[PDB]
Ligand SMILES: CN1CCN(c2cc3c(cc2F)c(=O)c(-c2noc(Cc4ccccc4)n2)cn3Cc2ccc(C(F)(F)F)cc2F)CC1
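Just one chain is shown here, as structure tokens, and it is the form solved without the named molecule.
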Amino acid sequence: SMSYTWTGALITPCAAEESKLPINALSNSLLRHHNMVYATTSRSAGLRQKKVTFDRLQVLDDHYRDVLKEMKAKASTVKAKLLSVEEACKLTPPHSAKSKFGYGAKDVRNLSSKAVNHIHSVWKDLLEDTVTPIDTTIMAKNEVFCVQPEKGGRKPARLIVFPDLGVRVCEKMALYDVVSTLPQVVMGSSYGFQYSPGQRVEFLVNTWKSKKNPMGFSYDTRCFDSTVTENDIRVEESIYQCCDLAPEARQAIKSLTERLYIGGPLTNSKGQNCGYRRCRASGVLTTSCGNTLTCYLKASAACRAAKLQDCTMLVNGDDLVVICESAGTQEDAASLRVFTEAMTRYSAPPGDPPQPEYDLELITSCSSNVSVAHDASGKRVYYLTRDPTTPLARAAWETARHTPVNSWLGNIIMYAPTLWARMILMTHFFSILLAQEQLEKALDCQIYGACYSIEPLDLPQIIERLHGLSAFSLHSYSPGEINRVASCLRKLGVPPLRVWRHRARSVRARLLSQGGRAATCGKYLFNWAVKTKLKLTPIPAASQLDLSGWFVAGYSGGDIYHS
């Protein structure tokens, strides 16, 4: 069973692709070593194709079937509803790719006769036909990274595979409720997407402390989407079908599974046949839910095979971390080899070889790790951080280019308590917003794969709600964290933190002069900058903002808009 077969036709871009970091008058203030930042293009698609194309062997034992039975029993308690055409239409992003059948995303959102009637026709076809493969478009992703020597230096572009807009709206009708509600029921506390950043830290810290002698490890599956087999996708559907569903929903789900999710023909941007997929499509509604379930199933069974004691898992898509009871250094090493052997048999072999870790702060999961700082009272506060290299490289790109998704805003929200987000990201971008008088302008960014329109003036309310008032007063960061940030700044040629402190005093003063919500941004987001701090009190506007739906489920690749 080959993950892909290829015709020879190239993966083509839809427009001009930039690989070199764009530079304007503002670039140098953030980053000096411009040659270190690059974007992935279709020119490296061939290299990705070779990496993602392989034979999958699967050997399924009693542990696997045992866990599946338990998952199905939980799934059987879920009652899910079909979305109406209108409800599905409103979940479509305004700038989502247009249909090849004579309408765009804005037509869908406006409930135009042409769009709605076509969607009805696609739905009718799904109910009637459960065999005919549905067309997909294959594209190379344009993503910004910093060069990383020993990784081959530069990573090839990721492959995105997605069906037509009409099909995407139909996916929503059939499965939006399922993928939003089922994962937490089946996986419980192990489902990562139910957690805000602070809630994730809470879960990780509490889990670590619950063990007598804790040991943890992240498990990196090599090219997870390609490891997903027809079996896996059919198993996922069987889980979905355990739900209390309308007969209509059951038919649509069965059809989508057979015709889209299991595999299908690949078409480039020019309309040429590129080949065939027999693995996970990155750009469907069930991608996040399917991957989390599949990873959870394989990992749970692998934990049993390895006889891991008092196991606790945390799963987000392909991203897996396990915390358990240590049996000793040699014993743990042996246990992880058995775990890896089990995962490999299930068709989930490792990329990075898994290693036991006895320091929670050194465990990276969802590209992030738990670190410790101190609040204004001097009390230890745990928070989520990461290596700032990619965030800052993407911030550099967004400084000189308008982008659909503003990664900097998402990074400020999710990493608000961090040294680097506060000192660099907040300072840099609020200065930009002040200069253009664009503080009031709402910006698009993605949280857990879903698109949100967010006003930067709401940041103090957002940060207070998610991270607490402590996020505005954190100090005395860990030596490891300080060292990592320092290494990043040297690498990228970012001005030292002392320069950022000086700049922040100016940014703060400007914001305070503006009045209104801008003054609140100055007071709260930049209280770290001044030597004599203010009191900091709860914001009345914070409880008014609707933050439900932010941390319920993952929707990466699912074409989801929540506003």
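Note that residue numbering follows the sequence shown and begins at 1.
If you look for the form deposited with the named molecule bound, you will not find it shown, but the lines that follow are about it.
Proximity of residue 497 to the named molecule in the deposited complex falls within the 4.5 Å heavy atom cutoff. Among heavy atoms of residue 103, none comes within 4.5 Å of the named molecule in the deposited complex. Contact check for residue 277: every heavy atom lies farther than 4.5 Å from the named molecule in the deposited complex. Heavy atoms of residue 528 reach within 4.5 Å of the named molecule in the deposited complex, making it an interface residue. The stretch from 340-348, 471-479, 121-129, 162-170 that comes within 4.5 Å of the named molecule in the deposited complex, counting heavy atoms only, is 471-479. The contact residue chosen from 483, 453, 355, 330 relative to the named molecule in the deposited complex is 483, the criterion being a non-hydrogen atom within 4.5 angstroms. Proximity to the named molecule in the deposited complex, defined as a heavy atom within 4.5 Å, holds among 459, 245, 423, 88 only for 423.
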